[PDB]
């Protein structure tokens, strides 16, 4: 299984240089997506019965 | 506008039509080994998972057979949690292969998934060991075990498999049968009938 | 070999510190004053029936109206959620199906199970098999239509593979997810997909290639389901440790772990809401707990199933959530 | 008193003791109504689960409702002026509902058979006959009973059919047929459950006891007055039937309790 052993280190090396941005920056990015589409959520804000197909 | 409702009514018939068959269908899981002579056993029923649908005494059955496809993943076992019994075959004469059969029994009967199911233990090759009895002492291998009497030897194998079960929601059965016995299907019918009787009795009382 | 085995360990230690190096603050810290999610008092607005046995798979369609479902009866039922009619009932060559999928175009439905072959049924012509795939070593656990021409699958052989109806052969197989891959999901931008296995970890894969790029881990048990955030930047893995959690690509680490003290049953299916605020998650306690994705609030309960809930889905329109349980029922919640 | 239902020999009873049988019949039949009221609602409210919705619980509910109305319909039949037209108006309904009450006992009896001695196929739906003989057969007899001797209704001491032209047989004879079969089913059932009661013995006593309210084997003592000692046994065995259905199939059954504990979870978590 030398090849397999070669594979794991190789894979580890591939991810050994993973580019990354600030965790808070990525975490803050999730805030913007949630806030932007909050008004258009048919499931978070109760749906107006005039157009809800399940009302 | 109307074919949509029409399709539902036609479809709901077949689903309802199949309900009586499925609700009355009996599913039996078959587990064993190559030495167990499944092919020899299955032909008697006729007169990688394979489906064998048969019927004796105006009742259907289902010999679902996991052909050595036994898996360890838990989600594999709920694919067979609908069965009502497990038919278990071991080669009685294969004395040297009893150690692995003992270990095999633990995994299935003691898994919390296959709980609430009965176990129909079978010991095929009931005439092959006849000669071995009084000739080759099972006590030579199973030191925990007179060694030359069939009845003591015949009943020792059951005590090993029966005691190998952990803590008894459903009863365990045993039947020593040949690979060509005509009473094989009858024995299952008596065992499965008793299995559902206990389930109904719970409900009833 | 001995030197290589020891050398492989020290690479991960730096990579382990890479998450620490890039870490800034806990998502909880990041989100402390965020508006409360509020009590979502969702109720049942539909209750489909007609399944002979317990449900294991259900998947919506891109048309927001039709949904497919598979059960141990050996049948696939296609439902109209709006009107609660049955369109098609699909008999199967086998009778042990463990996953189902719906084509965004709507002309095909994938189904697979303990049989090594997952069938690609043709829906536009009742219904026949367009192609039965070559097969894997084990059982198919989750099937998804990457497009109308490409199919991605997860089997019991730690193997995932992109497929092709045109050639009838797996174009680019994927290997490396030790254990048994049971879950699979696709990104809204159709160029990435991940999977979860019994190795208590999830791996990120790129479709155009055949080698994984990221490996999220930490689960205390096998991952049963997974789904992506509305954007291609987050995950939600539900394992048997009774703890779903959120993941991030650039962070390459977990953000918050969703668990509750009385919750010990485990998770079977998981899906987000369209706005990404809610993490709809089924549970083996015959319940469906909704959570604030942005936060960790365990707010929003959805009960009404007699037996275990195993499959869950949220319409692309985002209007309603669907749950299928072992009770042989499937009721839409909005 | 409730004991008039099975009377076939016009025996006199001590007016001092007449209240004693009537008092037990009053309280016995009154509780059997109210105690059955909880049974009907608790089956409907708990119908949200599979352990309740079944081919059998239709038998228990229908039997419960049939006895529910028949019992409460009997209280107003006592005080109502004997011999009048309203007495003849509503005493047909007692004959039909009790015959329907007994028909559901046989349906319950015929279902005990298919689950215990004919175990295979005990789950196949057979509502087309259970509803049929449950109500249609009592209707068939009553039309013949009314056409043969409509005058038989009332025209006697009390609104219950008089035991003169055999009118009493219209209900007593079918009641005996239901009793005989349920006794026959009970014996075979007891034989097959006692065999599984070997050394591992109060289980076999509980098995028969829970089957008494649903097989109607307690109505044997009614016809035995031919003497007065059995009349007392008939005024407390079946008079309080509704109490027995509650305490053995509605408040003590494991399935109804498990359904209840499930519904307390969903209601609380909502």
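Start at 1 and count along the chain as shown; that gives each residue its number.
Heads up, header says this was done by electron microscopy, 3.5 Å.
Including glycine, each Cβ sits where the backbone N, Cα and C put it.
Features reported for this protein in Swiss-Prot:
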- C:43-91: repeat 'WD 1' (REPEAT)
- C:135-175: repeat 'WD 3' (REPEAT)
- C:176-217: repeat 'WD 4' (REPEAT)
- C:218-261: repeat 'WD 5' (REPEAT)
- C:260: phosphohistidine (MOD_RES)
- C:262-303: repeat 'WD 6' (REPEAT)
- C:304-334: repeat 'WD 7' (REPEAT)
Long-range environment of the repeat 'WD 3' (C:135-175) - Cβ separation under 8 angstroms, sequence gap at least 6: 98-105, 107-108, 110-118, 120, 181-186, 190, 193, 195, 197, 205, 207, 209-212
Anchor-to-anchor distance, in angstrom and between Cα atoms, for residue C:125 and residue C:126 with 3 residues unmodelled between: 7
Secondary structure composition of the repeat 'WD 5' (C:218-261) [DSSP: H/G/I, E/B, coil]: 0 helix, 23 strand, 21 coil
Composition by DSSP (helix, strand, coil) of residues within the repeat 'WD 3' (C:135-175): 0 helix, 16 strand, 25 coil
Residue numbers, six or more beyond the limits of the repeat 'WD 4' (C:176-217), whose CB comes under 8 Å of its CB atoms: 138, 141-144, 146-147, 150, 152-160, 162, 223-228, 230-232, 235, 237, 239, 247, 249, 252-254
Surrounding CB atoms that lie within 10 Å of the CB of residue C:260 (phosphohistidine), all protein chains: 13
